[PDB]
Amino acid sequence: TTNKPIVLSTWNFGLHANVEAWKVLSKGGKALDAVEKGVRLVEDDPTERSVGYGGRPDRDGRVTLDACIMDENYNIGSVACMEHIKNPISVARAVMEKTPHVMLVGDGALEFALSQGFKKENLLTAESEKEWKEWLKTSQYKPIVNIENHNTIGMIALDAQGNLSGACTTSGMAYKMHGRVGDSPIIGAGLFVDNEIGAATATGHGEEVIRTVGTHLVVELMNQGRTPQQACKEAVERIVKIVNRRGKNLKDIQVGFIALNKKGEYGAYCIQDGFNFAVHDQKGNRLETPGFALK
């Protein structure tokens, strides 16, 4: 009954990312290659302002990127707060495959990338520089999550061999403090893959996904018998109960999780309405809208 291959990715642009991943998956390619190829599309696109090139800089005007990748056999790679490299997901893959470590950050991440042949490039576009200088006038930090403003791309897939893999990449919260790291490059937070169970990736206010260890929770729930959708929903309800305990207002928080199990069943859920995800399988590619907690 397994439905494969299949790939899911976050937000409207995930539809286009899915097309690139499908080029690999539909030919029997590895899920690891498919998710890297898929998110690289968004990293390359200057018009996608929260991932790679064209990404909004931190408050010091520096574009620093974060990404992690995980394959079908517990191999992982991650880079955080790395500058000048357009495709951090690929540097993360290099960290995974070419070093005895699983996470490199800052200057050291760039140094490694360069040693691997990646090319130094100016990721700050004229548009981002302009918006940043404009923002500096009042310096009001107010993280907003949606197709406009903040987002990231997380992608998970099940290939023809029945193997799962995932990738997550972003330029992080616009105008963040220099050196700030969100959930996208943290294994178990922005992304988690267990080949015997399923995979999950999250998007939204990263700080909240980190404090709840979001994707590890989603996958563990699937391990405990929950369907992908129920797992995403239960995880969200956990951020909800936690958010209330911290005396915070749910309206100020947005998080979405998408998940896939070993059988190719998928699901998603979010705190607030307005989040969407793209799914591509034998029925084609489309954008779907999940359930939400804040009624």
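Numbers follow the displayed sequence, beginning with 1.
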Assert higher mean C-alpha B factor (77-85 or 147-155, deposited values) equals 147-155
Taking the deposited Cα B-factors and averaging over 236-244 and over 265-273, the higher mean is found in 236-244
Reading the B-factor column for Cα atoms of 199, 94, 168, 222, the highest value belongs to 222
For 105, 193, 136, 210, the deposited C-alpha B-factor is largest at 136
Tertile call for residue 9 (CA temperature factor, within chain, third-based) is the lowest
Binned into thirds over the chain's modelled residues, the C-alpha B-factor of residue 115 lands in the middle
For residue 123, the third of its chain by CA B-factor is the middle
Chain thirds by Cα B factor, record data; residue 255 belongs to the highest
Of the three thirds of the chain ranked by Cα temperature factor, residue 142 occupies the highest
